[PDB]
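# An overview of the molecular structure
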Amino acid sequence: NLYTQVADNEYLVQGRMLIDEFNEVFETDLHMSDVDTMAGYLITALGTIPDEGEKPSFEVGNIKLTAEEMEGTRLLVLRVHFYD
Ligand SMILES: [Zn+2]
Ligand SMILES: [Zn+2]
Ligand SMILES: [Zn+2]
Ligand SMILES: [Zn+2]
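Residues numbered from 1 in each chain as written, not as in the entry; some residues may be left out. Chains lettered and ligands numbered in written order. Heavy atoms only, no water.

Regarding how it was determined, this PDB entry cites X-ray crystallography in its header, along with a resolution of 1.20 Å.

As named in the PDB entry, the chain is Hemolysin, taken from Enterococcus faecalis.

Structure follows, in structure tokens:
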């Protein structure tokens, strides 16, 4: 699967998940031109590639996206929290 829940309002999302897929699953409104995946989305939004083990976040609307797992410079897994 491209994502899994871990707790109320909190999920792990594979970097390869399409932004459009994420919006369909989660009822969100993310958009970014010339970028198709959630890995590309978060990397672009952060503006810098995190070190392995470094877990910066980007907030947008009621969502917080965290770089949960890097494999070299590839963003493998995002953590997503939803707020009210
Ligand atoms: Zn949490
Ligand atoms: Zn740093
Ligand atoms: Zn390192
Ligand atoms: Zn390494």
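### With respect to the overall build of the chain
Rules: Helix and strand definitions follow DSSP, with helices as H or I runs of at least four residues and strands as E runs of at least two, each counted in order from the N terminus. Taken over C-alpha atoms, the radius of gyration is set against a globule rule of 2.2 Å times the number of residues to the power 0.38. Think of it in three bands: residues with accessible area under 20% of the maximum for their type are buried, residues over 50% are exposed, and the middle band is partly exposed, with areas taken using a 1.4 Å probe on protein chains only. Any two residues whose heavy atoms approach within 4.5 Å at even a single point are treated as in contact.
The helix and strand inventory of the chain stands at two helices and five strands. Listing every helix and strand of the chain by position from the N terminus yields β-β-α-α-β-β-β. The C-alpha atoms of the chain give a radius of gyration of 12 Å, which matches the 12 Å a tight globule of 84 residues would have. Its C-alpha atoms put the chain at 30 × 30 × 25 Å along the principal axes. For the chain, buried positions account for 38% of its 84 residues. Look at the contacts in the chain between residues 6 or more apart in sequence, and 31% of them connect residues 24 or more apart.

### A short note on the UniProt feature "binding site: Zn(2+) 3" (unreviewed entry) in the chain
Let me state the cut-off plainly: UniProt positions are given in the numbering used here, feature names are shortened, and annotations may be inferred rather than shown by experiment.
The residues that UniProt annotates with the feature "binding site: Zn(2+) 3" (unreviewed entry) are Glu52. Take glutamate 52: it is sitting in the loop between α2 (38-46) and β3 (57-60). With sequence-adjacent residues up to four places away left out, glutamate 52 is seen in contact with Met70, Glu71 and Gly72.

### Overview of the pattern of salt bridges
This is how it is decided: Criterion for a salt bridge: a side-chain nitrogen of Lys or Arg within 4 Å of a carboxyl oxygen of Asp or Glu.
Scanning the entire structure with this criterion turns up three salt bridges. For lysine 55, the salt bridge is made with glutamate 68, and the minimal N-O distance between the two is 3.0 Å. Residue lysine 55 is located in the loop between α2 and β3, and its partner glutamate 68 is located in strand β4 (residues 63-71); the two are separated by 13 residues in the primary sequence. The exposure class assigned to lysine 55 is partly exposed, which follows from its relative accessible area of 47%. The network of salt bridges with shared partners includes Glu10, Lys55, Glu68 and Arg79.

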